[PDB]
Amino acid sequence: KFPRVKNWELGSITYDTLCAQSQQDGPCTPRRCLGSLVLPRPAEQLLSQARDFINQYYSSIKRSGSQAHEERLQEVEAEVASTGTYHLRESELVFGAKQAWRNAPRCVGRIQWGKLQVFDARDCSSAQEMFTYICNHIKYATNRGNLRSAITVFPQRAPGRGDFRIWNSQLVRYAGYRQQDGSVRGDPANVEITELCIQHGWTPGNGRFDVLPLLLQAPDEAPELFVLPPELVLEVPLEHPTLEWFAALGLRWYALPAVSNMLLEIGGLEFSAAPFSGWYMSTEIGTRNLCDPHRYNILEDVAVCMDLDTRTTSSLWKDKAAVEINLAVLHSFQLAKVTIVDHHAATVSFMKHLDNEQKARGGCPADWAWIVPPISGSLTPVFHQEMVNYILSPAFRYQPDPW
Amino acid sequence: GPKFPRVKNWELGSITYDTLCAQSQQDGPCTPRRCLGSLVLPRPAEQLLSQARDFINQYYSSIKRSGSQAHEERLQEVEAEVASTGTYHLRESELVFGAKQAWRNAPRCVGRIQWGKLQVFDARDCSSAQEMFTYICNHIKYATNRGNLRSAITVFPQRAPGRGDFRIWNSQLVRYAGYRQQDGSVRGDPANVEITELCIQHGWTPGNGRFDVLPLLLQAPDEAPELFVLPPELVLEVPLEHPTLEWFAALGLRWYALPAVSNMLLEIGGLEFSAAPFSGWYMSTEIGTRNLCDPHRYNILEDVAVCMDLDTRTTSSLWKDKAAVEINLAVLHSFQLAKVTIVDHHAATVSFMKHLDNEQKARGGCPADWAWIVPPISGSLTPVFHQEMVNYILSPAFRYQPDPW
Ligand code: HEM
Ligand code: HEM
Ligand SMILES: Cc1cc(N)nc(C[C@@H]2CNC[C@@H]2OCCN[C@H](C)Cc2cccc(F)c2)c1
Ligand SMILES: Cc1cc(N)nc(C[C@@H]2CNC[C@@H]2OCCN[C@H](C)Cc2cccc(F)c2)c1
Ligand SMILES: C[C@H](O)[C@H](O)[C@H]1CNc2nc(N)[nH]c(=O)c2N1
Ligand SMILES: C[C@H](O)[C@H](O)[C@H]1CNc2nc(N)[nH]c(=O)c2N1
Ligand SMILES: [Zn+2]
């Protein structure tokens, strides 16, 4: 019933009781574990998720069972019974957004969960207005390099009509331009979205780091194109503390990691556009973005610069260059005074979060394959920590590309 | 698509469906309410016979004789044996088959491209702790092959009803001692403090070093375990040095050549072999990263980074990452110099992807534990990191078993 959860470095043991409040099945069965898969394959129902949520909200502010709780539960019942849906009060939405972040099993950054600026954009009626809200968020979150976690919440889904959606997967991404020779200039992850921008009338650059425009979509309307003003997009040239030639690679990255394609579910309501941002953990940039073979794939170039023996795997030229590249990212961000966190500091803060959550809630849903960093896994303490993974609501969900 | 798990490689974009998981006859620890995939330990005639039948069917499938006279007669022979003794016995070739099948089925092993090349030593005649010793010594000699390592397994007698187990108390055939100091600290391998204490209790005169080879504690049925020292000429070791960092040799680090697991149960057709030590060769990260850098093992990261003169006072200098890479290279280099078979984590993972394709063709899937397959440094630098994996239990299997004390 209650899983035993052991840390193998320290020999300590906890029991997860939080998992009993999961209401939403994941992909594993007793016959086989699918825990490493990236994606998953009435009024009574909305009402009960709404009650549960309101219960969570009044509990959080310590007024469980009180007057304001009783009447707010009746407001929800009255609204759903009449309209098939209801609406959140702002402070509720703020609570839900933080709770969704808290509950996110793939997030190593959850120590910060209680510190989230929530912009309410549910009074948005157009893509123009979405653009304005998005520019505000970017300006806020960036704060001249002193990054600040934020979320902007656009209008919820409604049974009648199409969704508010942001087509881009992050507010800030680099174009990927397919070439005659089947090569890719820029970021291979963004070939499709680059091609869509072109198709909706963007004139493209030809660089390797062309900040993409936003395609924003109000209900049942074609998406519209909006060019981010280059002054709002904070970027960081990559140089390396000791390697002089590294800067001549002309590599760079943008400061603001801002997911724009995930759905935010609260009390059974669904927010199809709810972009959120915090700050990067360096391995995301240094290892995945620059070194993955299906991204910028720079490992070989770098190793050759460092004059390593590229001919054989056993010289560990890949591991050596991977580290220098991560070092360059950290150094460059620290130099440009932009918030960044290395994977040692992040995973250490995660362990503490585990401990806080154990005391507060009786556990913490966590996805081991995503929490453990993509280089130096076992050098981090999360590696030696068993984790229980399950779905709590409020939640972020992955959603289908709108096209 | 199909009603079976869809499996995606995110680097290449390729998709497969695992149909093999349908063959799984034992539940793991996951439910739809929660994934317990990252836990290291998760926890009569009728039951036996049906597991036996299934194994015999496996055996006849693999020789292409499903449905044949010999197949049905063997089945009939297995039921008659269980009808009259409550147990049964494998033919020699059935043991060879099931041993290899258990290795093939091991979700946590990245070395499985080799599954077909296993030397199976049949030791089911073994009848004393002294004879266990001889068998183990022969396995170690054969497997080590002066550095040209060869995969092998030695199978001692199976569990019997009311009769005690053959057991090897050591978790591996070669491990280093860990001595508890009056400092509180440990000299040697902290992983082995308990088994060390047990050896001294059963009469071992202990050493004083960081790399003292442990004696074997071997247990024949219903006897207390007996103590056996491996003659040093038998235990091949590799002194550690770095290709370019000249002072590394001066650290006096070393490791042994033969990774030989000895505490695992081998289950075949409901039969349980409590003592069937098996051995292969190392993947370099097991030594360079886990045994040498785990905080709860030798923990040498800081010492090495001090030698390398890194800034150990801040996390963002990536001093841990840099030292770990040099240690790992030291391991590879020293094994290659000494001409002892080793494989780096890149070659290993490349070859496992090749094994995945092979098994897809052969059996329609491959049970694999992503958290264990991905190496403990440089994860996403290896192709397995980008490969979804389905984990499930097939039989024949190796199981972990509770320490016999
Ligand atoms: C404050 C600094 C933060 C750090 C260092 C951080 C760190 C990370 C990392 C490393 C991942 C996995 C990244 C990947 O490989 O794709 C992740 C995932 C995630 N984080 Fe955070 N996070 C932060 C803030 C936030 C905030 C503000 C939110 C939302 C309010 C959030 C919600 C999520 C969610 C929903 C995922 C899963 C995304 C997916 O499945 O693609 N995190 N985080
Ligand atoms: C041929 C060279 C081999 C290589 C490179 C190799 C590699 C590995 C590695 C790296 C692990 C994970 C070890 C750990 O982190 O503790 C492992 C686990 C395992 N391997 Fe192999 N292997 C080889 C041969 C064998 C053989 C001959 C067998 C048995 C017939 C075997 C069966 C297993 C089993 C049962 C596990 C799981 C152990 C556990 O749960 O503690 N492998 N293998
Ligand atoms: C198909 C698919 C499914 C899924 N669940 N996630 C993804 C996103 C895939 C998963 N790894 C890479 C890609 O996204 C990049 C998202 N990473 C952001 C930057 C994380 C982050 C970091 C710091 C602060 C934040 F707010 C968010 C894709
Ligand atoms: C409690 C527990 C459970 C479990 N399943 N394994 C262990 C053993 C823990 C799990 N990782 C570290 C420790 O084992 C060392 C096993 N490693 C050997 C050397 C693997 C190996 C490699 C090459 C060839 C082989 F034949 C075997 C402990
Ligand atoms: C196949 C595998 O599940 C996939 O590559 C995952 C592994 N772990 C990860 N962990 C993080 N943080 N981000 C990722 O994208 C991934 N990718
Ligand atoms: C908690 C976690 O499951 C545990 O530390 C695992 C992770 N992956 C591993 N992978 C291998 N190959 N060996 C191990 O011992 C471990 N330890
Ligand atoms: Zn699972």
Side-chain angles (χ1 to χ4, degrees), chain A residues 8-11 378-379 384, chain B residues 136 140 144 168-218 225 227-242 247-263 277 279 282-307 320 323-324 326-328 330-331 334-335 338 340 342 376 403-405:
Chain A
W8 292 81
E9 170 193 353
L10 292 166
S378 73
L379 277 29
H384 308 274
Chain B
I136 286 159
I140 290 174
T144 310
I168 300 166
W169 282 31
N170 309 60
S171 54
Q172 287 181 45
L173 302 183
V174 188
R175 295 220 68 183
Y176 296 123
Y179 307 113
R180 211 168 262 292
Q181 301 304 288
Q182 264 68 123
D183 305 29
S185 74
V186 181
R187 191 156 173 77
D189 193 339
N192 298 322
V193 151
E194 210 167 338
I195 190 71
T196 311
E197 270 145 26
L198 287 165
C199 286
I200 292 159
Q201 262 185 212
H202 280 90
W204 183 51
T205 300
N208 204 353
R210 304 192 81 183
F211 305 100
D212 294 336
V213 182
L214 277 164
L216 265 6
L217 223 22
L218 306 174
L227 192 75
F228 297 96
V229 188
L230 300 154
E233 59 267 37
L234 255 55
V235 181
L236 188 58
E237 289 178 284
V238 180
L240 293 186
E241 67 171 54
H242 189 277
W247 46 257
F248 197 102
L251 270 6
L253 306 165
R254 59 210 277 109
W255 209 258
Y256 51 88
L258 189 81
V261 168
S262 57
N263 56 173
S279 67
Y282 272 112
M283 187 180 77
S284 59
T285 55
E286 313 174 71
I287 310 178
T289 315
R290 303 301 315 283
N291 308 337
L292 294 184
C293 304
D294 274 1
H296 50 299
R297 301 283 302 286
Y298 277 86
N299 193 203
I300 71 162
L301 235 19
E302 202 191 336
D303 294 325
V304 168
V306 166
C307 297
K320 259 156 173 177
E326 301 313 332
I327 297 162
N328 273 274
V331 174
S334 315
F335 275 67
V340 178
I342 196 149
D403 288 347
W405 57 87

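To find a chain, count down the sequence lines: A is the first, B the second, and so on, and within it residues start at 1.
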Of all heavy-atom pairs between [X] and [Y], which one has the smallest distance, and what is that distance?
X: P239(B); Y: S334(B); result: O-CB, 3.4 Å
X: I168(B); Y: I136(B); result: CD1-CD1, 3.9 Å
X: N263(B); Y: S171(B); result: OD1-CB, 3.3 Å
X: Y298(B); Y: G188(B); result: CE2-O, 3.5 Å
X: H384(A); Y: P295(B); result: NE2-CD, 4.3 Å
X: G178(B); Y: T196(B); result: N-OG1, 3.1 Å

Taking the side chain as everything from C-beta on, heavy atoms only, tell me whether [X] gets closer than 4.5 Å to [Y].
X: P225(B); Y: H202(B); result: yes
X: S284(B); Y: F335(B); result: no
X: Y179(B); Y: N208(B); result: no

Count the heavy atoms of every other residue, nucleotide or ligand shown that sit under 6.0 Å from CG of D183(B), and state whether that count exceeds 12. yes
For the CZ atom on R297(B), are there more than 12 heavy atoms of other groups (residues, nucleotides or ligands in this structure) within a distance under 6.0 Å? yes
For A191(B), is there any backbone N or O sitting under 3.5 Å from a side-chain donor or acceptor partner on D189(B)? yes
Between the main-chain N or O of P376(B) and the side-chain N or O of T285(B), is there a donor-acceptor pair closer than 3.5 Å? no
Indicate the ring-plane relationship of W169(B) and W405(B), choosing parallel, tilted or perpendicular according to the 30° and 60° boundaries. tilted
Does the plane of the ring in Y282(B) sit parallel, tilted or perpendicular to the ring in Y256(B)? Use 30° and 60° as the thresholds. tilted
Take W247(B) and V304(B) through the test side chain to side chain contact (heavy atoms under 4.5 Å, CB included) and record every step on the way to the result. CA-CA 10 Å; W247(B) 46 257; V304(B) 168; 4.2 Å; yes
In sequence, state the C-alpha distance, the side-chain angles, and the governing distance for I327(B) and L253(B), and then conclude on side chain to side chain contact (heavy atoms under 4.5 Å, CB included). CA-CA 10 Å; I327(B) 297 162; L253(B) 306 165; 5.9 Å; no
At what distance, to the nearest 0.5 angstrom, does [atom1] of [X] lie from [atom2] of [Y]?
X: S378(A); Y: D294(B); atom1: OG; atom2: CG; result: 5.5 Å
X: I300(B); Y: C293(B); atom1: CD1; atom2: SG; result: 5.5 Å
X: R210(B); Y: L251(B); atom1: CZ; atom2: CG; result: 8.0 Å
X: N170(B); Y: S262(B); atom1: CG; atom2: OG; result: 5.5 Å
X: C307(B); Y: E302(B); atom1: SG; atom2: CD; result: 10.5 Å

Among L230(B), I195(B), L198(B), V229(B), which residue meets the side chain to side chain contact (heavy atoms under 4.5 Å, CB included) test with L214(B)? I195(B)
Is there a donor in the side chain of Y176(B) and an acceptor in the side chain of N291(B), or the other way round, less than 3.5 Å apart? no
Answer with yes or no whether the side chains of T289(B) and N328(B) bring together a donor and an acceptor at under 3.5 Å. yes
Please assess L292(B) against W255(B) for the test side chain to side chain contact (heavy atoms under 4.5 Å, CB included), listing each intermediate value before the final yes or no. CA-CA 10 Å; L292(B) 294 184; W255(B) 209 258; 4.2 Å; yes
